[PDB]
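Asker: The structure's right below; bear with me while I get my questions together.
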Amino acid sequence: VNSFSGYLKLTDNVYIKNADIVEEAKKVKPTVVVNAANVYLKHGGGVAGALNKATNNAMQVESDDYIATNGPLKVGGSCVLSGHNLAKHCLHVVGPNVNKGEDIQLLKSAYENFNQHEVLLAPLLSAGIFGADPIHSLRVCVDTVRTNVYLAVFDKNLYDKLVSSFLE
Ligand SMILES: CCNC(=O)c1cc2c(N[C@H](c3ccc4c(c3)S(=O)(=O)NCC4)C(C)C)ncnc2[nH]1
């Protein structure tokens, strides 16, 4: 199904909408919803916290089982877990947290994980508390992702700046 609506096509494979990813996931129930995760899969605040709260903590208990059995992810890495009631799968992806000294070169490695799935609903990696420049994150996405990605950005002001900079 992947019934995405109201998106603006930026490139052949990148679409963008001013929307809350949790709300989009509920309506669309996409095959894959991306989580802006940390290496230990602790979904305490922001986007990760909101996705986890929408599953009524079922994603946190699953992530905890994953970590105990497989160990933490590396910055730029990912893992595929259940999407619970939000999606068929959740692709947890760790972008660099530049506010904590992590390499911005790893933002390319993080978006590369998207290429293992045909269609994904995702947030802007490394934006918000992670400290990366959001327009730079969208540029890395556009150059790196080759599969079909629907980006939800929950801030009209930021959405407008992104669309203006892209001029598309
Ligand atoms: C009301 C429930 N939903 C939310 O809180 C929510 C928030 C939200 C959202 N926020 C964006 C965003 C993008 C990436 C990151 C963050 C925040 S963070 O939480 O600071 N962690 C680092 C990675 C900002 C830039 C506008 N984007 C898309 N959908 C959303 N939904």
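So you can find residues: chains in the structure tokens are A, B, ... in the order shown, residues in each start at 1, and ligands are numbered from 1 in order.
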Which protein, DNA or RNA residues have an atom within 6 Å of ligand 1, counting only C-alpha atoms and all ligand atoms, as a list in words?
Answerer: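 Counting only what the definition allows, namely only C-alpha atoms and all ligand atoms, the set is residues 20, 21, 22, 36, 46, 47, 50, 123, 124, 125, 126, 127, 128, 129, 130, 152, 153, 154 and 155 of chain A.
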Asker: Could you please write out, as a VMD selection string, every residue of chain A that DSSP assigns to strand (DSSP E or B)?
Answerer: chain A and resid 8 to 9 14 to 17 32 to 36 78 to 82 89 to 93 119 to 122 148 to 152
Asker: DSSP on the backbone, then: every residue of segment 2-154 of chain A marked alpha helix (DSSP H), written as a PyMOL selection string.
Answerer: chain A and resi 21-28+46-54+58-70+106-112+134-144
Asker: Keeping only N, CA and C atoms, write the selected residues to a file as a short mmCIF file (atom, residue, chain, number, x, y, z; two decimals), in the first residue's frame.
Answerer:
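Saved the output as again_15.cif:
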data_model
loop_
_atom_site.label_atom_id
_atom_site.label_comp_id
_atom_site.auth_asym_id
_atom_site.auth_seq_id
_atom_site.Cartn_x
_atom_site.Cartn_y
_atom_site.Cartn_z
N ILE A 21 6.24 12.34 11.63
CA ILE A 21 6.47 10.97 11.19
C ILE A 21 5.56 9.95 11.90
N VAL A 22 5.20 10.21 13.18
CA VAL A 22 4.36 9.24 13.92
C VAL A 22 2.98 9.20 13.30
N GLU A 23 2.44 10.38 12.96
CA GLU A 23 1.15 10.48 12.33
C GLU A 23 1.16 9.88 10.95
N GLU A 24 2.22 10.12 10.17
CA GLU A 24 2.32 9.52 8.81
C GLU A 24 2.36 8.00 8.92
N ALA A 25 3.14 7.49 9.89
CA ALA A 25 3.25 6.03 10.01
C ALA A 25 1.88 5.40 10.32
N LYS A 26 1.14 6.00 11.24
CA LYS A 26 -0.19 5.52 11.57
C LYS A 26 -1.13 5.47 10.35
N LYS A 27 -1.18 6.54 9.54
CA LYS A 27 -2.06 6.60 8.38
C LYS A 27 -1.63 5.66 7.24
N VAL A 28 -0.36 5.75 6.86
CA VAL A 28 0.20 5.01 5.73
C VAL A 28 0.52 3.54 6.01
N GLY A 46 12.81 13.07 21.78
CA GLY A 46 12.67 13.44 20.38
C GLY A 46 11.90 12.43 19.54
N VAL A 47 12.32 12.28 18.25
CA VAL A 47 11.72 11.38 17.27
C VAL A 47 11.68 9.92 17.76
N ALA A 48 12.80 9.42 18.29
CA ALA A 48 12.88 8.01 18.72
C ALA A 48 11.90 7.76 19.87
N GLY A 49 11.85 8.71 20.81
CA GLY A 49 10.93 8.66 21.93
C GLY A 49 9.47 8.69 21.50
N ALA A 50 9.14 9.53 20.52
CA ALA A 50 7.78 9.61 19.99
C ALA A 50 7.36 8.35 19.24
N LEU A 51 8.28 7.76 18.44
CA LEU A 51 7.96 6.51 17.76
C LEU A 51 7.72 5.41 18.83
N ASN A 52 8.59 5.34 19.87
CA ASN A 52 8.50 4.31 20.90
C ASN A 52 7.19 4.46 21.68
N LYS A 53 6.82 5.71 22.02
CA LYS A 53 5.59 5.99 22.76
C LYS A 53 4.35 5.55 21.98
N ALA A 54 4.38 5.70 20.63
CA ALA A 54 3.29 5.30 19.74
C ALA A 54 3.10 3.78 19.66
N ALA A 58 6.55 -1.00 23.14
CA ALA A 58 6.88 -2.32 22.57
C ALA A 58 8.19 -2.30 21.77
N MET A 59 8.54 -1.12 21.19
CA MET A 59 9.79 -0.99 20.44
C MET A 59 10.98 -0.97 21.43
N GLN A 60 10.82 -0.33 22.62
CA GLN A 60 11.94 -0.26 23.56
C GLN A 60 12.28 -1.64 24.13
N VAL A 61 11.25 -2.43 24.46
CA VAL A 61 11.49 -3.78 24.99
C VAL A 61 12.15 -4.68 23.92
N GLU A 62 11.74 -4.53 22.65
CA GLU A 62 12.33 -5.30 21.56
C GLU A 62 13.78 -4.90 21.34
N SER A 63 14.08 -3.57 21.33
CA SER A 63 15.42 -2.99 21.16
C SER A 63 16.36 -3.48 22.27
N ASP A 64 15.84 -3.54 23.52
CA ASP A 64 16.59 -4.02 24.69
C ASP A 64 16.97 -5.48 24.47
N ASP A 65 16.07 -6.31 23.92
CA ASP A 65 16.39 -7.73 23.68
C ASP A 65 17.51 -7.81 22.62
N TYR A 66 17.39 -6.99 21.56
CA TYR A 66 18.35 -6.90 20.46
C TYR A 66 19.73 -6.57 20.98
N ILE A 67 19.85 -5.51 21.77
CA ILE A 67 21.13 -5.06 22.33
C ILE A 67 21.79 -6.15 23.19
N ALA A 68 21.03 -6.79 24.08
CA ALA A 68 21.58 -7.83 24.94
C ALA A 68 22.20 -8.99 24.17
N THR A 69 21.57 -9.37 23.05
CA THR A 69 21.94 -10.51 22.21
C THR A 69 23.00 -10.19 21.14
N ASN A 70 22.92 -8.98 20.51
CA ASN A 70 23.81 -8.58 19.43
C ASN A 70 24.82 -7.47 19.74
N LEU A 106 30.29 10.26 8.56
CA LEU A 106 29.44 9.10 8.86
C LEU A 106 27.95 9.30 8.54
N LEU A 107 27.53 10.54 8.23
CA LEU A 107 26.15 10.77 7.81
C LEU A 107 25.92 10.09 6.45
N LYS A 108 26.95 10.02 5.58
CA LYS A 108 26.80 9.33 4.30
C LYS A 108 26.58 7.81 4.57
N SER A 109 27.36 7.24 5.49
CA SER A 109 27.23 5.83 5.85
C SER A 109 25.83 5.53 6.41
N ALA A 110 25.30 6.44 7.24
CA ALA A 110 23.98 6.26 7.82
C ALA A 110 22.88 6.22 6.70
N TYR A 111 22.82 7.23 5.81
CA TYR A 111 21.84 7.19 4.71
C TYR A 111 22.02 5.96 3.81
N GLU A 112 23.27 5.42 3.68
CA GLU A 112 23.46 4.27 2.80
C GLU A 112 22.61 3.06 3.25
N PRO A 134 20.58 20.84 8.99
CA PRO A 134 19.50 20.09 8.32
C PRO A 134 19.51 20.15 6.81
N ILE A 135 19.89 21.33 6.22
CA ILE A 135 19.95 21.42 4.76
C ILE A 135 21.07 20.48 4.23
N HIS A 136 22.20 20.41 4.96
CA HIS A 136 23.32 19.53 4.57
C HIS A 136 22.81 18.07 4.69
N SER A 137 22.04 17.77 5.75
CA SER A 137 21.51 16.37 5.84
C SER A 137 20.63 16.00 4.61
N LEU A 138 19.79 16.95 4.18
CA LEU A 138 18.93 16.68 2.99
C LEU A 138 19.83 16.49 1.74
N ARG A 139 20.92 17.24 1.63
CA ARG A 139 21.81 17.07 0.47
C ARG A 139 22.47 15.72 0.50
N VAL A 140 22.94 15.29 1.69
CA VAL A 140 23.56 13.95 1.80
C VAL A 140 22.51 12.87 1.38
N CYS A 141 21.25 13.06 1.82
CA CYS A 141 20.16 12.11 1.50
C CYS A 141 19.96 12.02 -0.01
N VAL A 142 19.87 13.17 -0.65
CA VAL A 142 19.61 13.23 -2.08
C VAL A 142 20.76 12.60 -2.87
N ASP A 143 22.01 12.75 -2.40
CA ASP A 143 23.12 12.15 -3.17
C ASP A 143 23.35 10.69 -2.91
N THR A 144 22.93 10.21 -1.72
CA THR A 144 23.25 8.86 -1.28
C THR A 144 22.16 7.85 -1.46
#
Asker: May I ask which of the residues A:92, A:29, A:19, A:75 is the closest one to residue 7 of chain A, counting only C-alpha atoms?
Answerer: A:19
Asker: Do you have the atom CA of residue 15 of chain A-atom CA of residue 119 of chain A distance handy?
Answerer: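 That distance, rounded to one decimal, is 11.0 Å.
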Asker: Quick one: everything within 9 Å of residue 8 of chain A, counting only C-alpha atoms, minus sequence neighbours fewer than 3 positions away in the same chain. Send it as a ChimeraX atom specification.
Answerer: /A:14-17,163,168
Asker: Restricted to C-alpha atoms, what would the selected residues look like written as an mmCIF file, in the first residue's frame?
Answerer:
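See out-v2.cif below for the written result:
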data_model
loop_
_atom_site.group_PDB
_atom_site.id
_atom_site.type_symbol
_atom_site.label_atom_id
_atom_site.label_comp_id
_atom_site.auth_asym_id
_atom_site.auth_seq_id
_atom_site.Cartn_x
_atom_site.Cartn_y
_atom_site.Cartn_z
ATOM 1 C CA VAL A 14 13.263 11.796 -2.705
ATOM 2 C CA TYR A 15 9.843 13.207 -1.557
ATOM 3 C CA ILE A 16 9.256 15.602 1.388
ATOM 4 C CA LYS A 17 6.274 16.660 3.568
ATOM 5 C CA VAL A 163 12.378 23.306 -0.097
ATOM 6 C CA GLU A 168 12.323 22.083 -6.332
#
Asker: Out of A:116, A:13, A:56, A:35, which residue has the shortest atom-to-atom distance to residue 94 of chain A when counting only C-alpha atoms?
Answerer: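 The closest residue to residue 94 of chain A is A:35.
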Asker: Find the spatial neighbours of residue 114 of chain A, counting only C-alpha atoms, within a cut-off of 10 Å - ignore same-chain residues fewer than 3 positions away - and output them as a CSV table (one decimal) with C-alpha atoms, in the first residue's frame.
Answerer:
chain,number,residue,atom,x,y,z
A,32,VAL,CA,9.5,0.6,6.5
A,34,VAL,CA,13.1,4.7,9.8
A,78,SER,CA,21.6,0.1,11.4
A,91,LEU,CA,15.0,0.4,10.3
A,93,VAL,CA,19.7,4.1,11.8
A,109,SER,CA,27.2,5.8,5.8
A,110,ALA,CA,24.0,6.3,7.8
A,111,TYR,CA,21.8,7.2,4.7
A,117,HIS,CA,14.8,-1.2,1.3
A,118,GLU,CA,12.7,-0.2,-1.8
A,119,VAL,CA,10.4,2.3,0.0
A,120,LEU,CA,10.9,4.1,3.4
A,121,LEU,CA,9.3,6.7,5.5
A,122,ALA,CA,12.1,8.6,7.3
A,141,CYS,CA,20.2,12.1,1.5
A,144,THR,CA,23.2,8.9,-1.3
A,145,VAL,CA,19.8,7.3,-1.3
A,146,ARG,CA,18.8,5.5,-4.5
A,147,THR,CA,15.7,3.8,-3.3
A,148,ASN,CA,12.4,5.7,-2.7
A,149,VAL,CA,12.4,7.8,0.5
Asker: How many Å separate atom CA of residue 156 of chain A from atom CA of residue 57 of chain A?
Answerer: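 If I compute the distance from atom CA of residue 156 of chain A to atom CA of residue 57 of chain A, I get 28.3 Å.
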Asker: Atom CA of residue 166 of chain A to atom CA of residue 11 of chain A: how many Å, to one decimal?
Answerer: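 These atoms are spaced 9.8 Å apart.
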